[PDB]
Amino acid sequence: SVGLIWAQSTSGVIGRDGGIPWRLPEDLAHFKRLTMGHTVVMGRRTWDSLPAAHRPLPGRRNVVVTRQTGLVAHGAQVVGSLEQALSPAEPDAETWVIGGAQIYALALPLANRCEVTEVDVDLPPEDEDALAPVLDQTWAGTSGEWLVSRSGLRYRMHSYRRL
């Protein structure tokens, strides 16, 4: 199983200024619960965005996709394409593509599941924003209820699978 997992504003923003432009603890907990013990595949810019105590992401096999063949990434496995990342020498029952926008676009045709957090935060897109992939008619999904975070934002989780 190859899955994508992301959190987006309702406007589709996933990233700004090298980070994520909201604070949603319940989404971090969801992300940890879904990914712990599994492989997490990410683009190099997402690797560089990880906060210090989470670079590498603890308890997960971290795989970083870069064209920089000689790149040192302590705590992660460096590979040269998304296809390499999805062709491990040691297979994993679950592989999660964890971003960013560039890598999601390449991974979506190869994936069978998407786990999406929708965040009701008003962020009109700015020119350098990273944006979420869009799910077309080849995907179908289910939505959780709208919830309110202890930190204030409304949010909800969606689970999509390839038809």
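In this text, residue numbers run from 1 along the sequence as written.
- Taking only CA atoms, the mean B-factor in the PDB entry is higher for 67 to 75 than for the other of 67 to 75 and 81 to 89.
- Stretches 92 to 100 and 46 to 54 differ in mean C-alpha B factor, with the higher average recorded for 92 to 100.
- For the set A105, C114, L131, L135, the PDB entry puts the maximum C-alpha B factor at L135.
- The PDB entry assigns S159 a C-alpha temperature factor belonging to the middle third of its chain's modelled residues.
- Per-chain ranking of the deposited C-alpha B factor places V41 in the lowest third.
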